[PDB]
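# Provided hereafter are the protein sequence and its experimental coordinates.
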Amino acid sequence: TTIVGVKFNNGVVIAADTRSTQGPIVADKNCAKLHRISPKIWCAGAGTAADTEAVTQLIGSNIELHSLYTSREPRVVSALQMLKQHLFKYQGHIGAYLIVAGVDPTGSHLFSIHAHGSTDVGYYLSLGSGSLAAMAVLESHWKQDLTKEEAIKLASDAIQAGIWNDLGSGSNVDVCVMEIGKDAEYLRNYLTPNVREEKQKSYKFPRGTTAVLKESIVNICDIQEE
Amino acid sequence: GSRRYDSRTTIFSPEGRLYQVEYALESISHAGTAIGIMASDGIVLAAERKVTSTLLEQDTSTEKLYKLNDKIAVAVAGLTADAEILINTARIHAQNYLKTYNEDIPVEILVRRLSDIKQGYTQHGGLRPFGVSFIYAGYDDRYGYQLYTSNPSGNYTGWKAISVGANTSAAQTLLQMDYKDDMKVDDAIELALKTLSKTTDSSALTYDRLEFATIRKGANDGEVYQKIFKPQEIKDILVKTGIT
Amino acid sequence: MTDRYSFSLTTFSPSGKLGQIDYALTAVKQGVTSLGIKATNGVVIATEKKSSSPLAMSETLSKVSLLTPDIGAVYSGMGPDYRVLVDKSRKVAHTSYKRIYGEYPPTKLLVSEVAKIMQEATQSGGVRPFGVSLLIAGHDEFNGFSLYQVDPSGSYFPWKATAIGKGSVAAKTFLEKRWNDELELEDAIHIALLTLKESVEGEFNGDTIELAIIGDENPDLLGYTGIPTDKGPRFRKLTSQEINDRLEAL
Amino acid sequence: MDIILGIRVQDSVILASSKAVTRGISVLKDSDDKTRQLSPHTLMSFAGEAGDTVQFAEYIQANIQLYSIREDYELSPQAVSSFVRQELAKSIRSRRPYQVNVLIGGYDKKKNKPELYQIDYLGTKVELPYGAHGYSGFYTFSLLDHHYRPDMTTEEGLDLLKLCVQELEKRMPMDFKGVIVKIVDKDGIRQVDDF
Amino acid sequence: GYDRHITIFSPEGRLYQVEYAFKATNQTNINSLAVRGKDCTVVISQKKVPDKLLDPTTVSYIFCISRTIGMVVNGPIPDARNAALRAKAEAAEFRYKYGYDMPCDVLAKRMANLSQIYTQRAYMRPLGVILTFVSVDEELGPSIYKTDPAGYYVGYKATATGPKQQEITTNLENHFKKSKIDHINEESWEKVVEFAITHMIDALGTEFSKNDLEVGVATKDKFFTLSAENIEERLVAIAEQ
Amino acid sequence: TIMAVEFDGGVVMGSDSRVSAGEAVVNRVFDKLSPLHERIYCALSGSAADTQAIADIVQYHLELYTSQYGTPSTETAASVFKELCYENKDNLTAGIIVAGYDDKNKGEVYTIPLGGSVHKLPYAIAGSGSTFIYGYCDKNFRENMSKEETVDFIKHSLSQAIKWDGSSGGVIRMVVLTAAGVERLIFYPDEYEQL
Amino acid sequence: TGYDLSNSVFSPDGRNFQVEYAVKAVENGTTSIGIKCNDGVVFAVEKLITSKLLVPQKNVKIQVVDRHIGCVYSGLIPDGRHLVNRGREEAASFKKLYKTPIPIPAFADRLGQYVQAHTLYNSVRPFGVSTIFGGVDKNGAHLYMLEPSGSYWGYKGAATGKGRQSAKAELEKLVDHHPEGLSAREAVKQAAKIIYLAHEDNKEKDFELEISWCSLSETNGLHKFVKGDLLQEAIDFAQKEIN
Amino acid sequence: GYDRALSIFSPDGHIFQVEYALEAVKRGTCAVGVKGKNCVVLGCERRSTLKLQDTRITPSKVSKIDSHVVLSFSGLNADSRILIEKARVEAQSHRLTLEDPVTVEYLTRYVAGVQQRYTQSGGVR
Amino acid sequence: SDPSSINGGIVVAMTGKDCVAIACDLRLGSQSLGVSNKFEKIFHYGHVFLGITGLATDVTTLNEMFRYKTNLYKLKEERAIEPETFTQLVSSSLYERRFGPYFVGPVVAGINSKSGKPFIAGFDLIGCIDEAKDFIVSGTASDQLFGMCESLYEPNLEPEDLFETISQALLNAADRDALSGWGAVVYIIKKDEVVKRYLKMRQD
Ligand SMILES: *C(=O)[C@H]1NC[C@@](C)(O)[C@](O)([C@H](CC2CCCCC2)NC(=O)[C@H](CCCC)NC(=O)[C@@H]2CC(F)(F)CN2C(=O)[C@H](C)NC(=O)CN=[N+]=N)O[C@@H]1C
Ligand SMILES: [Cl-]
Ligand SMILES: [Cl-]
Ligand SMILES: [Mg+2]
Ligand SMILES: [Mg+2]
Ligand SMILES: [Mg+2]
């Protein structure tokens, strides 16, 4: 996993690679790490995939209810606080590493959170196996007063660094752009630079090729009338 | 302290009756009539919805007939909301027995359990009993077709044909007159509607006031089917029998 | 201390009545009129924003409340009772459905859960029934558009159209005349506004009427773009202005 | 412990179970019945940790006998096996799991069919024509794979078990002091008093 | 007739214990009033020190709940202090849990729901108090939210509570029917307080000295009460025009 | 690397800005000075999680205290930290300095090491970097220094601790707590490295 | 009616009659007072000598909280002791967490909320005491009086029990004739006089005077009992003013 | 939990709830037991006010506790099930710990113990 | 000792043109010892199919649990649970035991009754969902199943071609794992007909 978040003039952008792995094996070549806590608050996750997904959904739920009870757009500081107190209570055993980014009435925000419950503020952040590769590019090319166009470029370049140089990261670049006074725009498969080439051969076999012992029909339907 | 306001819902009268049970029974006597009739080849459930409107959505409406599992259904007489609490508990016994023994629950075991819960509210807890009487229509491979009733007291009994709710006295007398043991489900359907037709407090019996359900071995081979009749189907069975 | 009220405060009278539920229905009768009309392509729920004082900002009192993106509720009777029910209703859509199945509950099952909370308040130790009747309008993919009524007892029923509280008897008779099964949503809004005029004494404008619809998906109200299968909420509260435009064609 | 075999033939099930109870370097007893009747047509054999075996056997027995009285009816072998499995599967995530493996041999009076279930202390249940727990299976499974037929009589079933006990008396290190053999058929449960 | 002792429905569908809790509200015989300026929310209350033995500085019905939220109570002080301590706890807990200052209206809702529970639960009595919450909220701006023993709450352009509320309420309505705006069009809070006190004078037909009043002011981040000397400056200004 | 120094006009708190995970710098510009009240600060050292979780709780305890009993004394803030750090000593890796300015007692510095003991001192150093400056701080500290002197003493001290400690670096942030209020100072590599 | 048979039930007046009855138990008690002085507070109480068998100076009624707070009450004595026991717990838990001895306003609200809690439920009886307490904190001297309802206020002077009207008059005079304030040694004499004067309403049985005080100068801001010569000097000054 | 003392004494030393329970038993259908020299016969009335019943599946008045002990009753049928279930459980518990079926006197003494407990436990009739 | 490889066995699922396939081996061993040749790992709740690999007691327990849960779902919703929703129910149910998990590798396959869209999904033991378009693999020969699938598989296969592909992917994967094989079942699932085939494979 390689995730980054990059603040810019009028908002915050978040990016991630699209590879999920069981040990050295790739399970999902086009996985989606970019999750939605509320409509204008997105985060991305590394570590135990289940743990990060559970914790996003639990805090997304409680934030939705809070937003209804208060009659206000939800705030990032709230998602941040809820996450860190939950992760701290569980003492690191909930292996959730998250970059959380949103726009709210207070403005644009960018936070990181580590499994033990520590939190981090900044203008650019990285996380995951690919984090050092991403942070190299961010430290080399980040400036104050980035435009939306420059921040997306800088975010994707930082994910690309992870894709190529980190074995734990690969496939495509997913982006979400949260700009103040605008709807969040989620660019699933923004960059598509790892398409498998045409195979030399079709392995479609001739029917009859497999040896069968017994056929039968299975009733999926409920018990019928008459 | 608090004692000053306690009704004492689980005491005996000087006569040896349970107040709240007797009064909950009074409550059920004003609920729409529900009929169960057991035939050799199935069970009919039939019940009357209480003074409906023209603006009640009848095709997504269920007040009277609930599915417990694929083999057992109940007809409700009393407080619907009270009935839904018990149905959800019975639905879970049925799924616990199926998980534990990998066999569908025998009807009399489920009925005993729901009857035991009810009995609890009449001996301990200080709460009001459930204002609900049930007709259980079910099939299992031990006793075949079975009709039961249970009431707030948590007492239960088996029946060839039985009524609960309003005008049971009047309904029991008409069933006692026209029931025979060698009866078939089509004959039982006709008996069920003729009974309600005469014991109804309404002017005429129409489809929009009825809920109807048959548990038949009228399922292709050695298996059982439950049919919770649709509005249009009740309307067809009302014309066939010639009540409209 | 300790709640030493571990016994039911709702018991059967010798007549087989539950007094506390009957009395709850009486409090609902006193309540301000609210109604619900189901169209072919939507549902409308409406009520009067009876402002206690003119100094009071009646906008800050939501009588019509979003439960899920595709379900709204309105009420008649005790506003406080209603408010805490909306709180519990919203939370139970999450805990007993959305956190298990990953989708919002269908209208009839969310209703079922609101119904259950209201039943428990007729039988649980140390509490009185809720003094409200809810009309709940909703849409789900497998049941289409629906409208349910929920009483203090816990009973709930599906309606094509209905009204509860003060001027219900009259309002129901008015709907029976106007309601057919071919109504378009706009037609059902036009009838909801007529029906509500009969029960209101003073002003009748977009600042004294609260009216929400369950209609088409509102992508403009979603907050984000980039997932095609997320098309936005079906629930929409009409604006003061939006109500007033329809009152000129009345 | 260590020797419990089951073989389902045409019209019966045969449970053979070692008579030895060994603690340390002494055989304390040479006549131990490692079985409990759960109902008149269902027999359960058991092997595993000291104490746990009988406490689990007797516990299951008491529950099945309770069910029988309450319903004045005898649960099917399938129903008993499912009950037993779930008990073990619950035990495996307990503070101290029951360390007990069972064979359940029953005649189903409804289906008129003998049934053998093999369940391990984890709650791993399978219906088998023949089964064994522990080391025995290492010999008897390949043996029965060769010699078994579904349509064998109870007498053939018993000869086939004699083959299994001889192979075990030849190639097993410990002295399991012979087996007690019991037939579960349509007429109930009886012990073969000469083996 | 025990449906008058606990919070169960009378046959008319009424809770008599809630109704008698409302009456408890006026026991102190004080009138409170709250208005909104452009940037501020001002709350004034009558202060009555009958006993000469009392230390007047301690006699207050105005509470600093958090930094931004002030609360004035119409009712007996023991219940008022119970409500004050709960609102402080809740506005502190909210900030810890959700990382931002509890908005005025949300704490109103939260105190309202708590009140709603004493009306549905029998072992708990309603509190004999009306809580007027004032702030300059960072989303909504100048805010007035009021809770009662029924578990009712709502937002107010202005509001008044106590024995003579109907006269203060009407006096205030009249002024907004003229201005045709939801607030006191005034740059300083000192002039919103002067308006507050002036309109309470015209409505109660009584004059005030510095020790007859109590004043709270809520600005964008901070809610403070005025000293006797602060009010005397405000009384002098009124007199001089 | 964190320290507090009590001088004439009030008290000064200073820290580096490095958060590390092993030998990787996770954040090179973190703010380790956190406000508890208006003129009561803490400097955090140890676990990022443990210090933050604690500091959040102490914020809440003083916010609640202010609502009930008005401005708490710097001693009271220190006590809340001590109480948490002592009662949770088996699961906390947190070394805290608490600095405050009231108008009665003026500048006060409290230090809370791992055990959860409390020590009131004219100045306190702590964190990994502190080991390298015990000598320098001891020979250079005076009582009744000016603001300019105290900011300098702390600039030089942390400058040395950054140079020698791999677990310290970035900018040196300070916070000046006087009658006049709170002043925030930053010092960058180019300014302090050439000292 | 029936509204007075159960605690925490509002009458139609909006009153809690069980609390108003507790007040009667209070009005039935011996006279206790408080006088705020320049840098401190002086407590005093009337101890009726039922019999010559009562060991003089042994049945002490005034109770210390922490080391700086005096509490005296009138009404059911056991109810008062139950309230001081809670107070000691509140003052111990506040010191434990915050290090500083509990400020007096803060202490008062700890008693306030507790008593008030005993008017919230029909399962508890309200307290049968009005309690007069105070001492020296960081912000100087504070005197409080607290009633069965949970109501409490700051006071220049306080009085409760059977002779309260008499005492309240004698207090009202001192407030009027000392605007610049009273001294602690002065307040000890006055306290003795106001207990002897308030004894007229209990004049059946002869009584045993008890004074305590906290003063920044005279006791270092610690609660101490008035004993030996300073007590005799006060009993003398008191006996002289009634004659 | 609901703690209320429902079975209390009256000024003339009577526990009315226990006595009103006996009244429920008077109302119950009749039950008789006659022990011969080498048998006991239980005989039970069936009120003929219920016809159209199903006698195959209707709960029979005589319940087997163990294979050698039966229990018949008069009174509330719903109450009788709780006593029969508690006896049937104790019957299996006795076999499991004493390696012996209960004596008729032991089973009786158990059921009688259960009935006694429900006369001086709060919350229960 | 490693619970996920005591009993052994494998499941694979694949999407085709308006169809899905799910297949499993039939082995149940106690490590080296083969015990059963008839241990099916693919169950069905209405039109939704669930395969489960790993500790066999948990395979059985989870099947008993999801039968229970989908039965109640149907009684309350008055319709059969759809594959997307069941996937969420599996994930929820596994994550409930986060610190005492079921040692399983579940695989969901089935056709949406309303959209007609073929659907497959897999899960780790704590309910992390993998929703690949192409194929899902699970069990002791997962490495092998990934290799066979990734080379054999092409999109939009007709049911009778897909049958060949998933059969050959499972068979050749199983012959290279000591703890898989002993027989195999393949389900070909279309919107309203399901064919179940038992494969002839080597018995070693
Ligand atoms: C001066 O003496 C400073 N020296 C550095 C220091 C480590 O002593 C520290 O205390 C800093 C500053 C913290 C920053 C947060 C606010 C409180 C002060 N402590 C750390 O940076 C802390 C050190 C751990 C061991 C002392 N680092 C972490 O907690 C980092 C943060 C994290 F997220 F990354 C996770 N982490 C870890 O240490 C955890 C345990 N991770 C690992 O061990 C492996 N990597 N991962 N995940 O400041 C002194 C004052
Ligand atoms: Cl971490
Ligand atoms: Cl709430
Ligand atoms: Mg096994
Ligand atoms: Mg193999
Ligand atoms: Mg092999």
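Sure thing, it's come through. Numbering: from 1, shown residues only, chains lettered A, B, ... in the order given. Ligands and ions are numbered 1, 2, ... in the order given.

# CA-only coordinates of stretch B:206-217 in PDB, if you can.
C-alpha atoms of stretch B:206-217 as PDB (Å, rounded to 0.1, in the frame of the first residue of the first chain):
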ATOM      1  CA  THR B 206     -65.300  -8.800   0.900                       C
ATOM      2  CA  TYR B 207     -61.600  -9.700  -0.200                       C
ATOM      3  CA  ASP B 208     -60.200  -6.400   1.200                       C
ATOM      4  CA  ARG B 209     -61.200  -7.400   4.800                       C
ATOM      5  CA  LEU B 210     -59.700 -11.000   4.700                       C
ATOM      6  CA  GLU B 211     -56.300 -12.700   5.200                       C
ATOM      7  CA  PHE B 212     -56.100 -16.300   4.000                       C
ATOM      8  CA  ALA B 213     -53.400 -19.000   4.100                       C
ATOM      9  CA  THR B 214     -53.300 -22.800   3.300                       C
ATOM     10  CA  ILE B 215     -50.600 -25.300   4.500                       C
ATOM     11  CA  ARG B 216     -50.900 -28.100   1.800                       C
ATOM     12  CA  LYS B 217     -49.000 -31.300   0.900                       C
END
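
# does chain C sit close to it?
No: against chain C, stretch B:206-217 shows no contacts by Cβ under 8 Å from any Cβ of the partner chain, the least distance being 12.0 Å. Quick note: C-beta positions are derived from backbone N, CA and C, even for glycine.

# same for the helix ranked longest in chain G, what does it pack against?
Secondary structure assigned by DSSP state H gives helix G:77-98 as the longest helix of chain G. Helices and strands touching helix G:77-98, by 3 or more Cβ pairs under 8 Å, 6 or more residues apart in numbering or on different chains; DSSP states H and E, are helix F:74-87, strand G:63-65, strand G:69-75, helix G:104-117, strand G:129-137.

# Throw those into JSON lines and include mean neighbour count, thanks.
Formatted as JSON lines, these follow (neighbours: other Cβ atoms under 10 Å in any protein chain shown):
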{"stretch": "helix F:74-87", "mean neighbour count": "22"}
{"stretch": "strand G:63-65", "mean neighbour count": "22"}
{"stretch": "strand G:69-75", "mean neighbour count": "27"}
{"stretch": "helix G:104-117", "mean neighbour count": "21"}
{"stretch": "strand G:129-137", "mean neighbour count": "28"}
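
# and the angle from the longest helix of chain G to helix G:104-117?
Here the directions of helix G:77-98 and helix G:104-117 differ by 130 degrees (axes from the mean of the first three to the mean of the last three Cα atoms, to 10 degrees).

# Check the gap between the residue in chain D that chain C sits nearest to and residue D:46 for me.
Nearest to chain C in chain D, going by Cβ to the nearest Cβ, is residue D:93, at a distance of 21.9 Å. Relative to residue D:46, residue D:93 is positioned 20 Å away (Cβ to Cβ, to the nearest Å).

# Apart from its neighbours in sequence, what residue is nearest residue C:125?
Ranked by Cβ to Cβ, 6 or more residues apart in numbering or on different chains and with sequence neighbours excluded, the top spatial neighbour of residue C:125 is residue C:6, at 4.3 Å.

# what does residue E:60 give?
The shortest distance from residue E:60 to any non-neighbouring residue, by Cβ to Cβ, 6+ apart, is to residue E:214 (6.3 Å).

# What's opposite the one you found in the beta bridge?
Residue E:214 has these beta-bridge partners by DSSP bridges: residue E:45.

# still on that earlier bit, and the helices and strands packed on helix G:77-98 as JSON lines, adding distance to chain B?
Compiled in JSON lines, those are given as follows (distance: least, Cβ to the nearest Cβ, whole Å):
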{"stretch": "helix F:74-87", "distance to chain B": "38"}
{"stretch": "strand G:63-65", "distance to chain B": "30"}
{"stretch": "strand G:69-75", "distance to chain B": "22"}
{"stretch": "helix G:104-117", "distance to chain B": "16"}
{"stretch": "strand G:129-137", "distance to chain B": "22"}
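
# most residues in a single helix of chain F, which one?
Under DSSP H, chain F gives helix F:48-69 as its longest helix.

# by contact count, what packs against it?
helix A:76-89, helix E:77-98, strand F:33-35, strand F:40-46, helix F:74-87, strand F:94-101, helix G:104-117.

# Residue of chain D closest to ligand 2, please.
Going by Cβ to the ion, ligand 2 is nearest to residue D:93 of chain D, at 29.3 Å.

# which residues in chain E form helices?
Ranges of helices within chain E are E:16-24, E:77-98, E:104-120, E:165-179, E:189-204, E:228-239, based on DSSP H.

# likewise chain D?
D:52-71, D:77-91, D:136-147, D:154-171.

# what does chain A put close to chain C?
Contact residues, chain A versus chain C (Cβ under 8 Å from any Cβ): A:36, A:38-40, A:57-58, A:61, A:64-65, A:68-69, A:71, A:176, A:183-188.

# Which of these fall in helices?
Counting by DSSP H, these place A:57-58, A:61, A:64-65, A:68-69 in helices.

# Who does the spatially most central residue of chain E form a beta bridge with?
Taking Cα atoms, centre = their mean, the centroid of chain E lies closest to residue E:132, which sits 2.8 Å from it. Judged by DSSP bridges, the bridge partners of residue E:132 are residue E:72, residue E:146.

# if we can go back for a sec, so which of the helices of chain E gets nearest residue B:199?
helix E:104-120 (40.3 Å; Cβ to Cβ).

# Generate a PyMOL selection restricted to the buried entries among the residues of chain A next to chain C.
Written as a PyMOL command, the selection of buried residues from the residues of chain A next to chain C, which uses 16 or more other Cβ atoms under 10 Å in any protein chain shown, is:
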select buried, chain A and resi 36+38+39+40+57+58+61+64+65+68+69+176+183+184+186+187
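
# Can you give me the buried ones in the longest helix of chain F?
In helix F:48-69, counting by 16+ other Cβ under 10 Å, buried: F:48-56, F:58-69.

# and residue 81, how many neighbours does it have?
Assuming you mean chain A. 21 (other Cβ atoms under 10 Å in any protein chain shown).

# my bad, chain G
14.

# and whatever residue of chain C ends up closest to chain I, what does it touch?
Among the residues of chain C, residue C:102 lies closest to chain I, at 3.4 Å counting by Cβ to the nearest Cβ. By Cβ atoms under 8 Å, 6 or more residues apart in numbering or on different chains, residue C:102 lies in contact with I:85, I:88, I:91-92.

# Against chain F, how distant is it?
For residue C:102, the distance to chain F (Cβ to the nearest Cβ, to the nearest Å) stands at 30 Å.

# Just read off the phi/psi values of residue 162.
Here I'm looking at chain A. Here is the backbone geometry of residue A:162 (degrees, to the nearest 10): phi -60, psi -50.

# And for residue D:186?
Main-chain torsions, residue D:186, degrees, to the nearest 10: phi -60, psi -20.

# Same check on residue C:140?
Torsion angles, degrees, to the nearest 10, at residue C:140: phi -140, psi 160.

# List the contacts of the residue in chain E that chain A sits nearest to.
Taking Cβ to the nearest Cβ, chain A has its nearest neighbour within chain E at residue E:99, 3.6 Å off. With Cβ under 8 Å, 6+ apart as the criterion, the residues that contact residue E:99 are A:75, A:77-78, A:80-81.

# swap in residue H:10?
Contact analysis of residue H:10 by Cβ under 8 Å, 6+ apart lists residue H:16.

# Alongside chain B, which residues does chain E contribute?
Selection of chain E residues close to chain B by Cβ under 8 Å from any Cβ yields E:2, E:5-6, E:122-123.

# Most neighbours among these, which one is it?
That'd be residue E:6 among the residues of chain E next to chain B, by other Cβ under 10 Å, with 25 neighbours.

# Can you tell me how far that residue is from residue G:9?
Applying Cβ to Cβ, the value for residue E:6 to residue G:9 is 8 Å.

# Nice, that's everything, thank you.
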